[PDB]
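Here is the structure we will look at, set down as structure tokens.
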Amino acid sequence: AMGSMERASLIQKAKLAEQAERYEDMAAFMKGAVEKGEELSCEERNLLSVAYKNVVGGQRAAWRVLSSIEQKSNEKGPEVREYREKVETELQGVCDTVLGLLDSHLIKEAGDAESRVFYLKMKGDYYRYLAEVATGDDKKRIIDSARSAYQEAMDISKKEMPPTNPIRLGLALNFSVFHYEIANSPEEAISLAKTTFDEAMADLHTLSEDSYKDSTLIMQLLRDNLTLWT
Amino acid sequence: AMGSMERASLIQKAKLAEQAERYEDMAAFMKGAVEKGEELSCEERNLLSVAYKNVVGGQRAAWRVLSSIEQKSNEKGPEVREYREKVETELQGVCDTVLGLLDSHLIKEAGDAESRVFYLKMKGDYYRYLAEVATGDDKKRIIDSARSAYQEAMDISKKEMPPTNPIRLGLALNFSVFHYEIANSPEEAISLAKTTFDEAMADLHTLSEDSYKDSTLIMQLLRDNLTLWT
Amino acid sequence: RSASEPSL
Amino acid sequence: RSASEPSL
């Protein structure tokens, strides 16, 4: 599974599942595609990311609802904790699946900056989702794994991509969220978001109209966060 | 499965899953509750209905997206048809599960009009979702199973419930949709929707403010449909 | 498409 | 909650 399906048919079905908003199916088609062992193209990396972002986003939203209910019950039976744990375990499982694809063998075959930064950012992201539900000292090690992946991605991005590149911008955005929401470092988050915004603003002149729209969509998220954080 | 969980814990978890918008989990908790073999209360019937309506509604929405793509390809490989069939099969499976709960043994233990009409309406509804994807002559028999369930529900509802009862109103609404969208009988659909609207309008005077809001919410759907159909 | 009974 | 990179 999905070992008998052609790679091209798995990519085609992931695009159909995305159109149908069937993200669990999309993720499983893309996991099958990765497991064929060939590197992924830019569009395929994006399908992989879209699929798992939507799966884990649903799980995160549900976990938050349940955690809030559980925290209120702690101002009456094991059910709320049991069910929050069930959703939590499922969420951890999807993060471990993603991290497993990256480790076997997406990151090690990724030589170009665009692919390597994309995957190292993904690694940061899924350890960050693990961290959101972790308690410890599991929690410290998972936070460190996120920070280390983001930091390697950031170092390559700053050497190899222009400050407007949407992947570099989305990496910096997610690392700033890691700092504010996970690492209890709101000043580092704000500094990162401001420096990344300003260096992209300075480079917009180099862009075509379409590239400018791509870059400014992510810059607007940095600005929204800075408005929330200050 | 979920044979080891207490009934009350299954109901509690279905309510938590509904809050978390985890409808697949909600459906499985409610299926476990039904399989405990005790009749369901009014609130429990509603949880059962909410859970499966949302599951099958997601499947129906995806099937429609895929069917439309497939029909366009027929103005280029087996993938679109294969994946539409996969979603179709999953959808049929969820309808067969619901119909199985009703047949084993929800309908036969349901003696009061409120429960019996609710379940016979559900039976109409899930055969109608089967019919939406059926081709035949499977299709005729499935259409007949829907019509027969709706008709039995309607006969009890008209003898035993006031014209404003929200279940009677939702039954008449869904049977009118069966007539317009499934049975190629737009005139029967319009007649049913108009008669049901007018008889409820005539009985609103009997209602409390809260009951009136419940009844008029479903009447407004009958009116929206009549505006669409005329 | 016609509207059917909502999830309430 | 802060906004992170969207699904695009």
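All positions are counted from 1 along the displayed chain.
Recorded method for this deposit: X-ray crystallography, 1.7 Å.
Cβ atoms here come from the backbone N, Cα and C positions, even for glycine.
Residue counts for the expression tag (A:1-4) under DSSP, split into helix (H, G, I), strand (E, B) and coil, are 0 helix, 0 strand, 4 coil. Summarising the annotation, the PDB entry assigns expression tag to A:1-4.
Annotation comment: Swiss-Prot describes A:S9 as phosphoserine, evidence class a large-scale study or a structure entry. Residues within less than 8 Å, Cβ to Cβ, of A:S9 (phosphoserine) and separated from it by at least 6 positions along the same chain comprise none.
Taking the Cβ of A:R60 (site 'Interaction with phosphoserine on interacting protein') as centre and 10 Å as the limit, one finds 17 other Cβ atoms among all the protein chains shown. Taken from Swiss-Prot, the feature site 'Interaction with phosphoserine on interacting protein' covers A:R60 (among others).
The feature site 'Interaction with phosphoserine on interacting protein' is assigned by Swiss-Prot to A:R128 (among others). Taken residue by residue with DSSP, A:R128 (site 'Interaction with phosphoserine on interacting protein') is part of a helix.
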Inset, instruction - Rounded to the nearest Å, what's the C-alpha distance separating A:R128 (site 'Interaction with phosphoserine on interacting protein') and A:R60 (site 'Interaction with phosphoserine on interacting protein')? Just drop the number here, would you? - result: 11
Legend entry - C-alpha separation across unresolved stretch of 5 residues from A:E75 through A:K76, Å: 11
Legend entry - DSSP state at A:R60 (site 'Interaction with phosphoserine on interacting protein'), helix/strand/coil: helix
Inset, instruction - With H, G and I counted as helix, E and B as strand and the rest as coil, say where DSSP puts A:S9 (phosphoserine). - result: helix
